[PDB]
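I have placed the structure first, in the form of structure tokens, so that the comments after it can refer back to it.
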Amino acid sequence: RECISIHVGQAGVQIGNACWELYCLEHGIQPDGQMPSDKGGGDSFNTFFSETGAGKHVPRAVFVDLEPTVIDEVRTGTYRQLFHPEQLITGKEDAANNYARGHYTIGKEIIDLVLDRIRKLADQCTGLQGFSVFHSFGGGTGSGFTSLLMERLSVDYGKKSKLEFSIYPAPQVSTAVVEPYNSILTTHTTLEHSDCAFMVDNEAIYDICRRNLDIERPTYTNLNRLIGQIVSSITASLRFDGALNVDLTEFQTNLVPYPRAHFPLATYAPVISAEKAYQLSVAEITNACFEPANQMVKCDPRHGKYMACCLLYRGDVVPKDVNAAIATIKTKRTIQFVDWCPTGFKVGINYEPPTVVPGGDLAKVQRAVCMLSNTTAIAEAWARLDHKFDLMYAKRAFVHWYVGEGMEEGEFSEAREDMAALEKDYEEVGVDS
Amino acid sequence: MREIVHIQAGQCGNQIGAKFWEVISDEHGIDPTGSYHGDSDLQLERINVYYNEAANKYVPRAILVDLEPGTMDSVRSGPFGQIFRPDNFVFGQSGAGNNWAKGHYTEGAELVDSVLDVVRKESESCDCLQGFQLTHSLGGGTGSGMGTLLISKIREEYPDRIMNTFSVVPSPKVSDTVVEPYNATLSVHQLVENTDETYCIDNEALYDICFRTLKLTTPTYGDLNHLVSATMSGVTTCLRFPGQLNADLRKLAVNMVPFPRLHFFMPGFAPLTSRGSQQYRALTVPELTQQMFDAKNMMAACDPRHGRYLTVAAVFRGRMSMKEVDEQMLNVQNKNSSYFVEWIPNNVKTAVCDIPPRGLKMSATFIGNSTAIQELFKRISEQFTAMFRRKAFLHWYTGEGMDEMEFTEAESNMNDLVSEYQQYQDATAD
Ligand SMILES: Nc1nc2c(ncn2[C@@H]2O[C@H](COP(=O)(O)OP(=O)(O)OP(=O)(O)O)[C@@H](O)[C@H]2O)c(=O)[nH]1
Ligand SMILES: Nc1nc2c(ncn2[C@@H]2O[C@H](COP(=O)(O)OP(=O)(O)O)[C@@H](O)[C@H]2O)c(=O)[nH]1
Ligand SMILES: [Mg+2]
Ligand SMILES: [Mg+2]
């Protein structure tokens, strides 16, 4: 049942704000944690909220940062009463975009305190399902401390699953040069601890906001609200009940053919700005899932082979309209499956409309769909990181910072060897027999 | 050989099981309150098989099992959910994730002791336990994994009693997961060595019937479970109504199972009615016979033309000319002698019951031990190997304790079962 969300670093914390704000809007929860009386009523959403005896609904979330600045805004803004202050953990000295600081030097000072506050939430749960980790790839805390927390969760909560929403870096909003270093280092130490990893290329969200919302330079709020829409569609299976609302844990069984190939590609549609008049059918929003301009990780699935394809519909969506659209796309596009896969599409439907932030930049839509596809083309993202990594590491540039914070230089080599094998593993999977 | 203990496991097991109890409780004149409101006395002649007393009315002898409490509440909220014993609901709150290993080895083994306690309880109030009856799905995680574990556990605690199962087959036409061939293969590997008789309920056949016969464009699980509950009511007719032929579980198994591993039955029945009110066809005896032995009415995706019938059990229901039944049942035999095994004399057996199912006046249920059932295992074995050659999705089974060799053995034993079904399909009388 229950799910504990963990938000590490600025990216994880600031995205959790846009997510839990959207969660409250969808479930009708107010910033003070109060809801109207049921007047039963189908009240599924307790997998993400607990109940105080006084009728207060508190998120099962932990916000962690090595710097108080970001989380201080949380315990000051509109949702200061939503979370218990025990769930908002901060340090004083951050990691300075250094994985080794967040994982070895600074992060080890606060790792025991964080696991304690998590055990508090875990002991307030009658049946824990897993963890949802929200972090960046470039920041020192989002890369270093997250991979440290993932190592510790596998030791304590070994049975429970762990899903991560990672923020793939992009130069358009990049705040650090060594972000490729941190990305490779955290992807390596977390690869054997994560069950499913939804990467979010900031360049994709940046361009989708510029193209479909007509925003010149999107702010972090623009990116986060668009991301929160996708995260909501993924978690809606856990937070709502529905006759055709397939659980997310049932999609993972199809999305992950091998433990290392657990990086699905999410594609959300439609994304429309609130400026003119518009209503898209099921076939049009399903067609948009196969346009790479709508993906959240820049890559071309036509240059790769599929292993899974899952359609997470939400809104006014009828099953026969889905199968009609799928049959058209399957015989009018080029979806290459590997020759060892069943080639079938897994469909879930949630008849609640997609909620947007009021007065936001996203328009309320009748229906929407989030496609989760496990394609080999996502290995193009690893190649773009491995290349920027190779350019600097061949000169050992910026390495002294990491080695000066408890990390042995050979850990760079190990992490790159793993990424090299990960690229081979994606190459080998796409071959026929 | 009197009382039968019923067990339903998993999502599909509790779905088709609850629909089955709705059907027979009506035929036996039992309302959801448990009281008897029927008219004939045949309905109470052999009511002790599936029900108990409360001396304050009749209570089903059923045990409901699932690793997920979701189906538990949808059953109790159903129309007949208030008749089942509260203590007979044994449910964990974790789940199986559609993994056979999770249900059979990991989290189903940590719940199976709770079920055997309820099994033991219902078995003590039995003057003479006849056997057990299990409904489940082979392509899932709980019904497949924990179900086969329950079978093997009951086998070692009740080695005297018959183990009968109603197993439904996975199919890509109505599939929920890709690892269904894995689960079905691992489950068939258990049924072939643990169950005395097993009714193959192919979902691909149920789908094709709803689509190509009932002319339903998008069949739901209710459309499929209607054919299941009807098929289950027919093959159990001789067990709960006073009949002479195939009265108890063993006598049926002694007539239908010539070889121990070949206890997989191909059920069919007629007429094929939709979920509507009632039809006006009013089928004659020659029609009920032609419809029974037709592939379009088989609950298993196998063509009887491709194999030979080892044994056959036909069950007619409703007031009809029993003399006219013998002439038809004898006709189909001597007119299609190539599709009936010669080295088993009088392998076809026909029974008659005066009481029809509610909604019809004449019906007929078919039970066949055909060698064509190898097509069903060939189909599952094809999909199993397609993934197993690359060891796709195997980490979820190995992560729960299973060794890779268990997959090779289950695959091998299934292909041995196919070869044996072909072996007697080629044997002659000479
Ligand atoms: N989409 C989105 N990305 C963000 C946001 N904040 C930071 N990022 C990305 O995160 C990367 C840097 O990681 P941060 O999360 O800012 O750093 P940190 O986790 O706090 O770790 P340290 O600051 O080094 O202690 C940059 O590439 C940013 O693009 C945000 O609010 N939204
Ligand atoms: N005919 C029928 N098949 C079902 C039903 N529910 C699930 N199945 C089948 O069972 C398989 C999934 O197993 P399921 O029972 O849902 O999981 P379990 O609870 O762990 O046993 C799929 O291949 C489905 O086609 C049902 O109500 N009717
Ligand atoms: Mg920071
Ligand atoms: Mg299921």
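The way I read the labels, and the way they are meant: chains A, B, ... in the order of the structure tokens, residue 1 as the first residue of every chain, and ligand 1 as the first ligand shown, with later ones counted on from there.
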
Please run DSSP on the backbone and report, as a PyMOL selection string, all residues within stretch 255-412 of chain B that come out as helix (DSSP H, G or I).
chain B and resi 255-256+285-292+295-297+304-306+322-335+337-339+371-388+395-398+404-412

So that each row is one residue of chain A with an atom at most 6 Å from ligand 1, can you give its shortest atom pair and the distance in Å to one decimal, using only C-alpha atoms and all ligand atoms, rows by chain and rising number, as CSV?
```
residue,atom,partner,partner_atom_place_in_ligand_line,distance
A:9,CA,ligand 1,19 (O),3.2
A:10,CA,ligand 1,15 (O),3.9
A:11,CA,ligand 1,6 (N),3.6
A:14,CA,ligand 1,31 (O),4.7
A:15,CA,ligand 1,31 (O),5.9
A:66,CA,ligand 1,25 (O),5.7
A:94,CA,ligand 1,25 (O),4.0
A:95,CA,ligand 1,25 (O),3.8
A:96,CA,ligand 1,24 (O),3.9
A:97,CA,ligand 1,24 (O),3.5
A:98,CA,ligand 1,24 (O),5.9
A:136,CA,ligand 1,10 (O),4.8
A:138,CA,ligand 1,12 (C),4.6
A:139,CA,ligand 1,13 (O),3.1
A:140,CA,ligand 1,24 (O),3.5
A:141,CA,ligand 1,21 (O),3.6
A:142,CA,ligand 1,19 (O),3.7
A:169,CA,ligand 1,27 (O),4.5
A:173,CA,ligand 1,29 (O),4.9
A:174,CA,ligand 1,27 (O),4.3
A:175,CA,ligand 1,26 (C),5.3
A:202,CA,ligand 1,1 (N),5.9
A:220,CA,ligand 1,32 (N),4.7
A:223,CA,ligand 1,1 (N),5.0
A:224,CA,ligand 1,1 (N),5.2
```

Just write the chosen residues, C-alpha atoms, as a compact mmCIF listing (two decimals), in the first residue's frame.
```txt
# COMPACT_ATOMS: atom_id res chain seq x y z
CA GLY A 9 18.84 18.15 -3.25
CA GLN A 10 17.42 21.29 -4.79
CA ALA A 11 16.01 19.48 -7.82
CA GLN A 14 11.74 21.72 -5.73
CA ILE A 15 10.12 19.02 -7.87
CA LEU A 66 22.77 19.52 2.71
CA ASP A 94 26.25 21.66 0.86
CA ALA A 95 28.20 19.44 -1.56
CA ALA A 96 29.26 22.13 -4.09
CA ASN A 97 28.36 19.99 -7.13
CA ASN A 98 30.80 17.36 -5.84
CA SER A 136 19.24 15.37 -9.92
CA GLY A 138 24.59 16.84 -11.60
CA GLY A 139 24.31 18.26 -8.10
CA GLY A 140 26.54 17.01 -5.34
CA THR A 141 23.67 16.11 -3.03
CA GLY A 142 21.38 14.78 -5.76
CA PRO A 169 21.45 17.42 -16.95
CA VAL A 173 20.22 25.28 -17.24
CA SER A 174 23.44 23.59 -16.14
CA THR A 175 24.82 25.08 -12.92
CA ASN A 202 16.12 18.87 -18.70
CA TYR A 220 12.57 25.99 -13.02
CA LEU A 223 10.08 22.67 -15.93
CA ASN A 224 8.89 21.38 -12.55
```

For chain A, list the residues within 8 Å of chain B, counting only C-alpha atoms, and write the list as a list in words.
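So the residues of chain A near chain B are residues 127, 249, 250, 253, 254, 256, 257, 258, 259, 320, 340, 341, 342, 344 and 346 of chain A.
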
Residues within 12 Å of residue A:6, please, as a VMD selection string. Count only C-alpha atoms; anything in the same chain fewer than 2 positions from it doesn't count.
chain A and resid 3 to 4 8 to 9 11 to 17 19 to 20 48 59 to 65 87 to 89 114 to 115 117 to 118 121 130 to 135 142 145 to 146 149 to 150 153 162 to 166

The selected residues should be written to file as a CSV table (one decimal), in the first residue's frame (atoms: N, CA and C atoms).
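Below is the file that was written, again01.csv:
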```csv
chain,number,residue,atom,x,y,z
A,3,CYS,N,3.6,4.3,0.2
A,3,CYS,CA,4.8,4.7,-0.6
A,3,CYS,C,5.4,5.9,0.1
A,4,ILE,N,6.7,5.8,0.4
A,4,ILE,CA,7.4,6.9,1.0
A,4,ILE,C,8.2,7.6,-0.1
A,8,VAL,N,15.8,14.6,-2.6
A,8,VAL,CA,17.1,14.9,-2.3
A,8,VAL,C,17.6,16.0,-3.1
A,9,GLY,N,18.3,17.0,-2.5
A,9,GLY,CA,18.8,18.1,-3.2
A,9,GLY,C,17.8,19.2,-3.7
A,11,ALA,N,16.9,20.0,-6.8
A,11,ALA,CA,16.0,19.5,-7.8
A,11,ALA,C,14.9,18.6,-7.2
A,12,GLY,N,15.4,17.6,-6.4
A,12,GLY,CA,14.4,16.7,-5.8
A,12,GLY,C,13.4,17.4,-4.9
A,13,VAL,N,13.9,18.4,-4.1
A,13,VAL,CA,13.0,19.1,-3.2
A,13,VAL,C,12.0,20.0,-4.0
A,14,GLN,N,12.6,20.8,-5.0
A,14,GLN,CA,11.7,21.7,-5.7
A,14,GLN,C,10.8,21.0,-6.6
A,15,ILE,N,11.1,19.8,-7.1
A,15,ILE,CA,10.1,19.0,-7.9
A,15,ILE,C,9.0,18.4,-7.0
A,16,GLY,N,9.4,17.9,-5.8
A,16,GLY,CA,8.4,17.4,-4.8
A,16,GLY,C,7.4,18.5,-4.5
A,17,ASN,N,7.8,19.8,-4.5
A,17,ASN,CA,6.9,20.8,-4.2
A,17,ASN,C,5.8,20.9,-5.3
A,19,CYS,N,5.0,18.5,-7.2
A,19,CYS,CA,4.3,17.2,-7.3
A,19,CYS,C,3.3,17.2,-6.1
A,20,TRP,N,3.7,17.4,-4.9
A,20,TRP,CA,2.8,17.4,-3.8
A,20,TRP,C,1.7,18.5,-3.9
A,48,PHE,N,-0.2,7.5,-0.2
A,48,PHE,CA,0.7,8.6,-0.3
A,48,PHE,C,0.5,9.6,0.9
A,59,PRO,N,1.6,14.2,3.9
A,59,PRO,CA,2.3,13.4,2.9
A,59,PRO,C,3.4,12.4,3.6
A,60,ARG,N,3.5,11.2,3.0
A,60,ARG,CA,4.5,10.3,3.4
A,60,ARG,C,5.8,10.6,2.6
A,61,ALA,N,6.3,11.8,2.9
A,61,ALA,CA,7.5,12.4,2.1
A,61,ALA,C,8.5,12.8,3.1
A,62,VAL,N,9.8,12.7,2.7
A,62,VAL,CA,11.0,13.2,3.4
A,62,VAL,C,11.7,14.2,2.4
A,63,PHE,N,12.1,15.4,2.9
A,63,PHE,CA,12.8,16.3,2.1
A,63,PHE,C,14.2,16.5,2.7
A,64,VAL,N,15.2,16.1,1.9
A,64,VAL,CA,16.6,16.1,2.4
A,64,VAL,C,17.4,17.1,1.6
A,65,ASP,N,18.3,17.9,2.2
A,65,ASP,CA,19.2,18.8,1.6
A,65,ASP,C,20.4,19.0,2.5
A,87,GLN,N,10.0,16.0,8.9
A,87,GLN,CA,10.2,15.4,7.6
A,87,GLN,C,11.1,16.3,6.7
A,88,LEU,N,11.5,17.5,7.2
A,88,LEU,CA,12.3,18.5,6.4
A,88,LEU,C,13.6,18.5,7.1
A,89,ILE,N,14.6,17.8,6.5
A,89,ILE,CA,15.9,17.6,7.0
A,89,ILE,C,16.9,18.5,6.2
A,114,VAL,N,18.9,10.9,8.5
A,114,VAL,CA,17.8,10.8,7.5
A,114,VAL,C,17.2,9.4,7.6
A,115,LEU,N,18.0,8.4,7.7
A,115,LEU,CA,17.4,7.0,7.8
A,115,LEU,C,16.5,6.9,9.1
A,117,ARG,N,14.5,9.4,10.4
A,117,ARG,CA,13.3,10.0,10.1
A,117,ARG,C,12.5,9.2,9.0
A,118,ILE,N,13.2,8.4,8.2
A,118,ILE,CA,12.5,7.5,7.3
A,118,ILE,C,11.9,6.3,8.0
A,121,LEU,N,8.5,7.2,9.3
A,121,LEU,CA,7.4,7.0,8.4
A,121,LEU,C,7.2,5.5,8.1
A,130,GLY,N,7.2,0.6,-1.3
A,130,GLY,CA,8.5,1.0,-1.8
A,130,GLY,C,8.8,2.4,-1.5
A,131,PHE,N,9.9,2.9,-2.2
A,131,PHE,CA,10.4,4.3,-2.1
A,131,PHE,C,10.4,4.9,-3.4
A,132,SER,N,10.1,6.2,-3.5
A,132,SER,CA,10.2,7.1,-4.7
A,132,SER,C,11.2,8.1,-4.4
A,133,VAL,N,12.4,8.0,-5.0
A,133,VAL,CA,13.5,8.9,-4.8
A,133,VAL,C,13.5,10.0,-5.9
A,134,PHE,N,13.6,11.2,-5.5
A,134,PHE,CA,13.7,12.4,-6.5
A,134,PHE,C,15.0,13.1,-6.3
A,135,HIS,N,15.8,13.1,-7.3
A,135,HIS,CA,17.1,13.7,-7.3
A,135,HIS,C,17.6,14.1,-8.7
A,142,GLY,N,22.3,15.6,-5.0
A,142,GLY,CA,21.4,14.8,-5.8
A,142,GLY,C,22.1,13.6,-6.3
A,145,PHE,N,24.7,12.1,-2.3
A,145,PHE,CA,24.0,11.7,-1.1
A,145,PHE,C,22.9,10.7,-1.5
A,146,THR,N,22.3,10.8,-2.7
A,146,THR,CA,21.3,9.9,-3.1
A,146,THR,C,21.8,8.5,-3.2
A,149,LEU,N,22.2,7.1,0.1
A,149,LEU,CA,20.9,6.7,0.7
A,149,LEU,C,20.4,5.4,0.0
A,150,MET,N,20.6,5.2,-1.3
A,150,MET,CA,20.2,4.0,-2.0
A,150,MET,C,21.0,2.8,-1.5
A,153,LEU,N,19.3,2.0,2.0
A,153,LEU,CA,18.0,1.5,1.9
A,153,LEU,C,18.0,0.0,1.5
A,162,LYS,N,12.5,0.3,-4.9
A,162,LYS,CA,13.0,1.7,-4.9
A,162,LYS,C,12.9,2.2,-6.3
A,163,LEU,N,12.2,3.3,-6.6
A,163,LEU,CA,12.1,3.9,-7.8
A,163,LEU,C,12.6,5.3,-7.7
A,164,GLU,N,13.3,5.8,-8.8
A,164,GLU,CA,14.0,7.1,-8.8
A,164,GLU,C,13.5,7.9,-10.0
A,165,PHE,N,13.2,9.1,-9.8
A,165,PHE,CA,13.0,10.1,-10.9
A,165,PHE,C,14.2,11.0,-10.9
A,166,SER,N,15.1,10.8,-11.9
A,166,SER,CA,16.4,11.5,-12.0
A,166,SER,C,16.3,12.6,-13.0
```

Find the residues near stretch 240-247 of chain A: any atom within 9 Å, counting only C-alpha atoms, skip ones fewer than 6 places away on the same chain, and give them as a list in words.
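Residues meeting the cut-off are residues 42, 43, 44, 45, 312, 313, 347, 348, 349, 350, 351 and 352 of chain A.
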
What does the file look like for those residues with C-alpha atoms, as a PDB file, in the first residue's frame?
```pdb
ATOM      1  CA  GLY A  42     -13.559   5.707  -2.278  1.00  0.00           C
ATOM      2  CA  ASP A  43     -10.968   7.433  -0.078  1.00  0.00           C
ATOM      3  CA  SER A  44      -6.621   4.649  -2.653  1.00  0.00           C
ATOM      4  CA  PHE A  45      -4.927   7.985  -1.920  1.00  0.00           C
ATOM      5  CA  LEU A 312      -1.080   5.280 -19.086  1.00  0.00           C
ATOM      6  CA  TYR A 313      -4.305   6.988 -20.125  1.00  0.00           C
ATOM      7  CA  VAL A 347      -2.898  -0.201 -21.351  1.00  0.00           C
ATOM      8  CA  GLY A 348      -4.177   1.368 -18.159  1.00  0.00           C
ATOM      9  CA  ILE A 349      -7.022   3.852 -17.869  1.00  0.00           C
ATOM     10  CA  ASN A 350      -7.907   6.290 -15.071  1.00  0.00           C
ATOM     11  CA  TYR A 351     -11.143   8.178 -15.717  1.00  0.00           C
ATOM     12  CA  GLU A 352     -10.206  11.192 -13.592  1.00  0.00           C
TER      13      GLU A 352
END
```

Proximity of chain B to ligand 2: per-residue shortest pair, 7 Å limit, only C-alpha atoms and all ligand atoms, as a Markdown table:
```
| residue | atom | partner | partner_atom_place_in_ligand_line | distance |
| --- | --- | --- | --- | --- |
| B:9 | CA | ligand 2 | 21 (O) | 6.6 |
| B:10 | CA | ligand 2 | 19 (O) | 3.4 |
| B:11 | CA | ligand 2 | 19 (O) | 3.5 |
| B:12 | CA | ligand 2 | 6 (N) | 3.7 |
| B:13 | CA | ligand 2 | 15 (O) | 6.3 |
| B:15 | CA | ligand 2 | 27 (O) | 4.9 |
| B:16 | CA | ligand 2 | 27 (O) | 6.1 |
| B:66 | CA | ligand 2 | 19 (O) | 6.5 |
| B:96 | CA | ligand 2 | 20 (O) | 5.5 |
| B:97 | CA | ligand 2 | 20 (O) | 6.7 |
| B:98 | CA | ligand 2 | 20 (O) | 4.9 |
| B:136 | CA | ligand 2 | 21 (O) | 6.5 |
| B:137 | CA | ligand 2 | 10 (O) | 4.8 |
| B:138 | CA | ligand 2 | 11 (C) | 6.8 |
| B:139 | CA | ligand 2 | 11 (C) | 4.6 |
| B:140 | CA | ligand 2 | 13 (O) | 3.1 |
| B:141 | CA | ligand 2 | 20 (O) | 3.4 |
| B:142 | CA | ligand 2 | 20 (O) | 3.4 |
| B:143 | CA | ligand 2 | 21 (O) | 3.7 |
| B:144 | CA | ligand 2 | 21 (O) | 5.8 |
| B:168 | CA | ligand 2 | 1 (N) | 6.6 |
| B:169 | CA | ligand 2 | 23 (O) | 6.8 |
| B:170 | CA | ligand 2 | 23 (O) | 4.1 |
| B:171 | CA | ligand 2 | 23 (O) | 6.3 |
| B:174 | CA | ligand 2 | 25 (O) | 5.2 |
| B:175 | CA | ligand 2 | 23 (O) | 4.7 |
| B:176 | CA | ligand 2 | 22 (C) | 5.2 |
| B:180 | CA | ligand 2 | 23 (O) | 6.3 |
| B:203 | CA | ligand 2 | 1 (N) | 5.8 |
| B:221 | CA | ligand 2 | 28 (N) | 4.9 |
| B:222 | CA | ligand 2 | 27 (O) | 6.8 |
| B:224 | CA | ligand 2 | 1 (N) | 5.2 |
| B:225 | CA | ligand 2 | 28 (N) | 5.3 |
```

Here is a test: counting only C-alpha atoms and all ligand atoms, which residue of B:71, B:259, B:341, B:264 is nearest to ligand 4?
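Looking at the shortest contact to ligand 4, the residue is B:71.
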
If I take atom CA of residue B:406 and atom CA of residue B:145, how far is one from the other in Å, to one decimal?
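Atom CA of residue B:145 lies at a distance of 13.5 Å from atom CA of residue B:406.
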
Report as number ranges by chain all protein, DNA and RNA residues lying within 9 Å of residue A:409, evaluated on only C-alpha atoms, omitting residues in the same chain fewer than 3 positions from it.
A: 399-400, 402-403, 412-413

Work out how far atom CA of residue B:197 is from atom CA of residue B:414, in Å to one decimal.
16.2 Å

For stretch 158-165 of chain B: contacts at 9 Å, only C-alpha atoms, fewer than 3 positions along chain excluded, given as a PDB file with N, CA and C atoms, in the first residue's frame:
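Writing the result to result_12.pdb gives the following:
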```pdb
ATOM      1  N   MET B   1     -16.735 -40.973   0.230  1.00  0.00           N
ATOM      2  CA  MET B   1     -16.790 -40.217  -1.016  1.00  0.00           C
ATOM      3  C   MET B   1     -18.051 -39.360  -1.082  1.00  0.00           C
ATOM      4  N   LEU B 129     -14.498 -37.358   3.564  1.00  0.00           N
ATOM      5  CA  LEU B 129     -14.023 -36.385   2.590  1.00  0.00           C
ATOM      6  C   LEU B 129     -13.821 -37.054   1.234  1.00  0.00           C
ATOM      7  N   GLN B 130     -14.475 -36.511   0.206  1.00  0.00           N
ATOM      8  CA  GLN B 130     -14.364 -37.066  -1.138  1.00  0.00           C
ATOM      9  C   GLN B 130     -13.104 -36.571  -1.838  1.00  0.00           C
ATOM     10  N   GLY B 131     -12.912 -35.259  -1.882  1.00  0.00           N
ATOM     11  CA  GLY B 131     -11.739 -34.705  -2.530  1.00  0.00           C
ATOM     12  C   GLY B 131     -11.721 -33.198  -2.413  1.00  0.00           C
ATOM     13  N   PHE B 132     -10.820 -32.587  -3.178  1.00  0.00           N
ATOM     14  CA  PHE B 132     -10.644 -31.144  -3.184  1.00  0.00           C
ATOM     15  C   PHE B 132     -10.866 -30.592  -4.587  1.00  0.00           C
ATOM     16  N   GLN B 133     -11.166 -29.297  -4.645  1.00  0.00           N
ATOM     17  CA  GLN B 133     -11.492 -28.621  -5.896  1.00  0.00           C
ATOM     18  C   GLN B 133     -10.874 -27.234  -5.870  1.00  0.00           C
ATOM     19  N   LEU B 134     -10.031 -26.932  -6.855  1.00  0.00           N
ATOM     20  CA  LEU B 134      -9.290 -25.677  -6.891  1.00  0.00           C
ATOM     21  C   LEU B 134      -9.579 -24.921  -8.181  1.00  0.00           C
ATOM     22  N   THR B 135      -9.892 -23.635  -8.046  1.00  0.00           N
ATOM     23  CA  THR B 135     -10.005 -22.718  -9.171  1.00  0.00           C
ATOM     24  C   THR B 135      -8.866 -21.713  -9.090  1.00  0.00           C
ATOM     25  N   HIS B 136      -8.191 -21.488 -10.211  1.00  0.00           N
ATOM     26  CA  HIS B 136      -7.038 -20.595 -10.246  1.00  0.00           C
ATOM     27  C   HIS B 136      -6.673 -20.328 -11.700  1.00  0.00           C
ATOM     28  N   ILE B 151      -1.799 -27.266  -3.599  1.00  0.00           N
ATOM     29  CA  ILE B 151      -2.055 -28.613  -4.103  1.00  0.00           C
ATOM     30  C   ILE B 151      -1.043 -29.595  -3.533  1.00  0.00           C
ATOM     31  N   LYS B 153       0.745 -29.225  -0.893  1.00  0.00           N
ATOM     32  CA  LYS B 153       0.597 -29.313   0.557  1.00  0.00           C
ATOM     33  C   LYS B 153      -0.593 -30.185   0.934  1.00  0.00           C
ATOM     34  N   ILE B 154      -1.725 -30.005   0.252  1.00  0.00           N
ATOM     35  CA  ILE B 154      -2.870 -30.884   0.468  1.00  0.00           C
ATOM     36  C   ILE B 154      -2.524 -32.316   0.080  1.00  0.00           C
ATOM     37  N   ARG B 155      -1.695 -32.488  -0.954  1.00  0.00           N
ATOM     38  CA  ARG B 155      -1.311 -33.824  -1.397  1.00  0.00           C
ATOM     39  C   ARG B 155      -0.589 -34.591  -0.294  1.00  0.00           C
ATOM     40  N   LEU B 191       0.843 -29.435 -12.022  1.00  0.00           N
ATOM     41  CA  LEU B 191      -0.439 -30.111 -12.188  1.00  0.00           C
ATOM     42  C   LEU B 191      -0.276 -31.509 -12.767  1.00  0.00           C
ATOM     43  N   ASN B 194       0.625 -33.684  -9.640  1.00  0.00           N
ATOM     44  CA  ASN B 194       0.002 -33.496  -8.333  1.00  0.00           C
ATOM     45  C   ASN B 194      -1.515 -33.635  -8.369  1.00  0.00           C
ATOM     46  N   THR B 195      -2.141 -33.250  -9.478  1.00  0.00           N
ATOM     47  CA  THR B 195      -3.593 -33.281  -9.578  1.00  0.00           C
ATOM     48  C   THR B 195      -4.054 -34.576 -10.234  1.00  0.00           C
ATOM     49  N   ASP B 196      -5.166 -35.118  -9.728  1.00  0.00           N
ATOM     50  CA  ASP B 196      -5.748 -36.321 -10.311  1.00  0.00           C
ATOM     51  C   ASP B 196      -6.547 -36.010 -11.570  1.00  0.00           C
ATOM     52  N   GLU B 197      -7.076 -34.793 -11.681  1.00  0.00           N
ATOM     53  CA  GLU B 197      -7.799 -34.375 -12.872  1.00  0.00           C
ATOM     54  C   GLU B 197      -7.779 -32.857 -12.944  1.00  0.00           C
ATOM     55  N   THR B 198      -7.670 -32.329 -14.163  1.00  0.00           N
ATOM     56  CA  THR B 198      -7.553 -30.891 -14.380  1.00  0.00           C
ATOM     57  C   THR B 198      -8.327 -30.492 -15.627  1.00  0.00           C
ATOM     58  N   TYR B 199      -9.241 -29.536 -15.475  1.00  0.00           N
ATOM     59  CA  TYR B 199     -10.045 -29.037 -16.585  1.00  0.00           C
ATOM     60  C   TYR B 199      -9.346 -27.827 -17.195  1.00  0.00           C
ATOM     61  N   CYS B 200      -8.845 -27.984 -18.418  1.00  0.00           N
ATOM     62  CA  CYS B 200      -8.169 -26.894 -19.107  1.00  0.00           C
ATOM     63  C   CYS B 200      -9.188 -25.874 -19.594  1.00  0.00           C
ATOM     64  N   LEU B 249     -15.702 -38.183  -7.319  1.00  0.00           N
ATOM     65  CA  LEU B 249     -14.525 -37.706  -8.039  1.00  0.00           C
ATOM     66  C   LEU B 249     -13.666 -38.859  -8.539  1.00  0.00           C
ATOM     67  N   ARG B 250     -13.463 -39.882  -7.706  1.00  0.00           N
ATOM     68  CA  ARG B 250     -12.574 -40.977  -8.084  1.00  0.00           C
ATOM     69  C   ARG B 250     -13.156 -41.788  -9.236  1.00  0.00           C
ATOM     70  N   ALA B 253     -12.510 -40.042 -12.297  1.00  0.00           N
ATOM     71  CA  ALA B 253     -11.100 -40.107 -12.661  1.00  0.00           C
ATOM     72  C   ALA B 253     -10.695 -41.503 -13.112  1.00  0.00           C
TER      73      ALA B 253
END
```

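Every residue of stretch 267-432 of chain A found in strand (DSSP E) when DSSP is run on the backbone appears here: residues 267, 268, 269, 306, 307, 308, 309, 310, 311, 312, 313, 314, 315, 346, 347, 348, 349, 350, 367, 368, 369, 370, 371, 372, 373, 374 and 375 of chain A.
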
Quick one: distance from atom CA of residue A:297 to atom CA of residue A:167 in Å, one decimal?
9.9 Å

Which residues are close to residue A:129, i.e. within 7 Å by only C-alpha atoms, leaving aside same-chain residues fewer than 3 positions away? Reply as a list in words.
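Skipping anything fewer than 3 positions along the chain leaves residues 1, 2, 3, 160 and 161 of chain A.
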
Rank A:328, A:411, A:336, A:251 by their smallest atom-to-atom distance to ligand 4, using only C-alpha atoms and all ligand atoms, and report the top residue only.
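For ligand 4, the nearest of the given residues is A:251.
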